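S.K.: here is the input, now give the coordinates:
(3 chains, ligands or ions: 1)
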Amino acid sequence: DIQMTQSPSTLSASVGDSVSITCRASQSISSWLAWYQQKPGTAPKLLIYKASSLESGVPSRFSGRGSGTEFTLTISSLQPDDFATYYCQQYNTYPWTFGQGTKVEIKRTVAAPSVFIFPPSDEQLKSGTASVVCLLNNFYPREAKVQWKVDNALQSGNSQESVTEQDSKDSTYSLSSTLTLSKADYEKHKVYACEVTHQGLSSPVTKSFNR
Amino acid sequence: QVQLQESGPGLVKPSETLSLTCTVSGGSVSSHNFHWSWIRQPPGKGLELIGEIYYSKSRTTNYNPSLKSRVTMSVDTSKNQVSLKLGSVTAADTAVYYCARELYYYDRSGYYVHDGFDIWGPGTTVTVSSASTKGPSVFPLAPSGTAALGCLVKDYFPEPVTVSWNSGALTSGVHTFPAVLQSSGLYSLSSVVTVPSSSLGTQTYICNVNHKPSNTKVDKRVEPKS
Amino acid sequence: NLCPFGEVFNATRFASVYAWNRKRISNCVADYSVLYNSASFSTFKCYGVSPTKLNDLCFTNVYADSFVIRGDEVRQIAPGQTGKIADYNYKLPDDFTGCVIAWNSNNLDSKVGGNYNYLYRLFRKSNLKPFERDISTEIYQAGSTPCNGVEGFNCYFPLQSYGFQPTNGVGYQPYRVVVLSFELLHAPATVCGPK
Ligand SMILES: *[C@@H]1O[C@H](CO)[C@@H](O)[C@H](O)[C@H]1NC(C)=O
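M.R.: Residues are numbered from 1 along each chain as shown, chains lettered A, B, ... in the order given. Here you go, the structure:
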């Protein structure tokens, strides 16, 4: 079983830069290597075959070369949509083996997050468990600190954070923090606030609500 | 248009069998120029080729040696459906299973080659666990410039849930966050969208959530409440 | 007698896609080597038969279909492919047992202003059946208003022109394509190779 080794594992560049992803082989795959772009939530879309030939619909920035044990894939001018995981596949010996992957993430100018605090729904409150949500809509870099304050109490524990991947048009991340509280514990307090610390934010931004 | 659509279960009890079907549209599975393969991807991992089925029973199966003991691939020409069966299913087969096609040909030097996996399918998410299925509960995240609203999909198993906005009409600003496994063993997801504050009174908004494993499709209207 | 493959390949003027030219090669000996040993072609894909295992093979009728396309569309000259060309101009059956040979012709089929002589069909109510030729010029209709011979609101002329200029990219550079189809019927085998 030919083992394909992909290098690097994660690459970061800016809009307009070049990117090189190399694939190594256990044996000698005579130009029997193809490349696949898997975007978040989609299926691997083939971009290059026969090491060099490009499938129809693939931009000109994408190019590939290689032979034997060393193979290379190159994006000339990395644009924001090209954020995806790229795989190399052999077709010299069955079974066709893939690579480990390379997550090519783009670099964006520092952008401040937009904060929104959604209180729980009265339907959920009737269900016996309420959930307060905090939202950071468009921020780069991905690093951000979300802090829940209930009745001016810095509460840590019930929170759970989920971050989207880099947007294919703005290279902007988005974060959501979900505080889950029982209906009885939620009705004990009044002020519910979410404080955000980020690079683009010179001062932490607190969005609050009261029940 | 050759279109592959993977359809099957989501929850399969451990040490059972995995009946997956790939419906082929706009193509002939009985063609000698089409090779149909099954490729799985464990969540957060690489890709693995399970096997291939190609005519010219003329069905010469070519599975992967790694999974040969339990894999069984077939083709139904009456429904144009490629079937995959995997036995003694452990939790390591928890993955998204894909169905692909390879237009095989002969090069100038006389080589049976292929230009890669041309057409791919959407992928069926199979979660191997004994936990019973659970339909989600959809709740509205109401808006209080560019305002924000969304929908909270809570308590659902297994994965995934598909969330569209306005029946596929609203796409810009739609951020569907990944699911987070709560402390209760059930999943939870949030899908938001930033709309202009004036659009609160010019367009109504509905989150279309579809949980296929439990056949739970619910559309909830996000409404500014006072 | 030698099969006139060069008459189809090394031809002065090729045909457009909406009017591909089918030449019946029959009653001759055909050395396919001259084709699979020549590097002038960029796409040489044989489905169902091996190019090497043809000079020993015998057939009753060979059909050479010639047409001029653009580069990023040559991929649609293959089984089970769909686009504008495969759907409205030239469709190859999914059970295709033949060969597709395509090369670049920017040096012969491109003009400074543009070789507008080459055309391609953009609209058609039905997708083309395998091995179909639509030479019609009837106006299209995409509404409830019958055109009755007018290009306007939801009513368009079916054929468009290829803007083949020399400075265009390799995707829009003219490529000549020849499709060799092979037939076996219960008749005197005429196209027999060197052996
Ligand atoms: C076409 O090119 C030259 C014409 O001078 C000819 O000798 C050659 O054999 C031809 N190649 C073909 C028909 O493949």
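
S.K.: next, give phi and psi for the residue most central in space within chain A.
M.R.: Chain A has residue A:165 as the residue nearest its centroid, 2.4 Å off, counting by CA atoms, centre = their mean. When read as degrees, to the nearest 10, the backbone of residue A:165 gives phi -90, psi 170.

S.K.: so who does it touch?
M.R.: A:40, A:83, A:173 (CB atoms under 8 Å, 6 or more residues apart in numbering or on different chains). C-betas here are computed from N, CA, C, even on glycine.

S.K.: if we go to 10 Å?
M.R.: A:39-41, A:83-84, A:103, A:105, A:142, A:173-174, B:175, B:178 (CB atoms under 10 Å, 6 or more residues apart in numbering or on different chains).

S.K.: and those residues, which two are the farthest apart?
M.R.: By the measure CB to CB, A:103 and B:175 form the most distant pair in those, at 19.1 Å.

S.K.: looking at those two, which is more packed in?
M.R.: residue B:175 (23 against 17; other CB atoms under 10 Å in any protein chain shown).

S.K.: give me the phi and psi for the more buried one.
M.R.: Per-residue torsions, residue B:175: phi -110, psi 110 (degrees, to the nearest 10).

S.K.: for it, what are its contacts?
M.R.: So residue B:175 contacts A:135-138, A:164-165, A:167, A:172-176, B:148, B:150, B:190-194 (CB under 10 Å, 6+ apart).

S.K.: any idea which element the closest residue to it other than its chain neighbours lies in?
M.R.: Spatial nearest neighbour of residue B:175, excluding adjacent residues (CB to CB, 6 or more residues apart in numbering or on different chains): residue A:174 at 4.6 Å. Residue A:174 belongs to strand A:173-182 when elements are defined using DSSP states H and E.

S.K.: can you check residue C:44 too?
M.R.: Applying DSSP H and E, one finds residue C:44 within strand C:43-47.

S.K.: that strand close to chain A?
M.R.: Yes: applying CB under 10 Å from any CB of the partner chain, one finds strand C:43-47 touching chain A at residue C:43.

S.K.: gap between the residue nearest to residue B:175 and residue A:119?
M.R.: Distance, residue A:174 to residue A:119, by CB to CB, to the nearest Å: 20 Å.

S.K.: between these two, which is the more surrounded one?
M.R.: Shown here are residue A:174 and residue A:119; by other CB under 10 Å, residue A:174 has more neighbours (24 against 20).

S.K.: how many residues are close by the residue in chain A that chain C sits nearest to?
M.R.: The minimum distance from chain A to chain C, using CB to the nearest CB, falls at residue A:56 (4.7 Å). By other CB under 10 Å, 13 other residues sit near residue A:56.

S.K.: for the residue nearest the centre of chain C, what are its contacts?
M.R.: Nearest to the geometric centre of chain C sits residue C:67, at 4.0 Å (CA atoms, centre = their mean). By CB under 10 Å, 6+ apart, residue C:67 lies in contact with C:14-21, C:77, C:85, C:89-90, C:102, C:118, C:120, C:133, C:175-179.

S.K.: please repeat the previous calculation with a cut-off of 8 Å.
M.R.: By CB under 8 Å, 6+ apart, the contact set of residue C:67 is C:14-17, C:19-21, C:90, C:176-177.

S.K.: ok so it is a strand residue?
M.R.: Yes: assessed by DSSP: H, G, I helix; E, B strand; the rest coil, residue C:67 belongs to a strand.

S.K.: how is chain A divided into domains?
M.R.: A:5-107, A:115-210 (automatic domain parsing).

S.K.: of the ones you listed, which is nearest residue C:125?
M.R.: Per CB to CB, nearest to residue C:125 of the domains of chain A: domain A:5-107, 25.0 Å.

S.K.: span of the closest one from start to end?
M.R.: Start-to-end span of domain A:5-107 (CA to CA, to the nearest Å) is 25 Å.

S.K.: how far does that domain sit from the chain's center?
M.R.: 18 Å (CA atoms, centre = their mean, to the nearest Å).

S.K.: what does the residue in chain B that the ligand sits nearest to show for phi and psi?
M.R.: Using CB to the nearest ligand atom, the closest approach of chain B to the ligand is made by residue B:108 at 11.9 Å. Dihedral pair for residue B:108: phi -60, psi -30, per degrees, to the nearest 10.

S.K.: and the gap between the closest residue to residue A:83 other than its chain neighbours and the ligand?
M.R.: Nearest residue to residue A:83, sequence neighbours excluded (CB to CB, 6+ apart): residue A:166, at 4.8 Å. Distance, residue A:166 to the ligand, using CB to the nearest ligand atom, to the nearest Å: 50 Å.

S.K.: show me the contacts for residue A:166.
M.R.: Residue A:166 is in contact with A:80, A:83, A:105-106, A:172-173, counting by CB under 8 Å, 6+ apart.

S.K.: circling back to that earlier point, mind putting the contacts of residue A:165 into CSV with distance to residue A:69 and secondary structure?
M.R.: Output for those, formatted as CSV (distance: CB to CB, whole Å; DSSP: H, G, I helix; E, B strand; the rest coil):
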residue, distance to residue A:69, secondary structure
A:39, 29, coil
A:40, 31, coil
A:41, 33, coil
A:83, 29, coil
A:84, 25, strand
A:103, 24, strand
A:105, 28, strand
A:142, 35, coil
A:173, 37, strand
A:174, 41, strand
B:175, 42, strand
B:178, 37, coil
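
S.K.: of these, grab the buried ones for ChimeraX.
M.R.: Under the burial definition 16 or more other CB atoms under 10 Å in any protein chain shown, those of the contacts of residue A:165 that qualify are selected in ChimeraX by:
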select /A:83,84,103,105,142,173,174 /B:175,178
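
S.K.: closest one of the contacts of residue A:165 to the ligand?
M.R.: Using CB to the nearest ligand atom, the contacts of residue A:165 come closest to the ligand at residue A:84, 41.3 Å.

S.K.: report the contact partners of that closest one.
M.R.: Counted by CB under 8 Å, 6+ apart, residue A:84 has contacts A:37-40, A:103-104.

S.K.: and the residues you listed as CSV, adding distance to chain B?
M.R.: Below are those laid out as CSV (distance: CB to the nearest CB, whole Å):
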residue, distance to chain B
A:37, 11
A:38, 8
A:39, 12
A:40, 9
A:103, 11
A:104, 16
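
S.K.: out of those residues, flag the one nearest to residue A:208.
M.R.: residue A:40 (32.4 Å).

S.K.: tell me where chain A has helices.
M.R.: For chain A, the helices defined by DSSP state H occupy A:122-127, A:183-186.

S.K.: ugh, wrong one, chain C
M.R.: Taking DSSP H to define them, one finds helices in chain C at C:5-9, C:33-36, C:85-88.

S.K.: list the buried ones in the second one?
M.R.: By neighbour count, with 16+ other CB under 10 Å as the criterion, the buried positions of helix C:33-36 are C:35-36.

S.K.: picking up where we left off before, so what does the strand holding residue C:44 touch, helix or strand wise?
M.R.: strand B:95-106, strand C:98-104 (3 or more CB pairs under 8 Å, 6 or more residues apart in numbering or on different chains; DSSP states H and E).

S.K.: quote the end-to-end distance of stretch A:76-84.
M.R.: So stretch A:76-84: terminal residues 16 Å apart, CA to CA.

S.K.: that'll do, ta.
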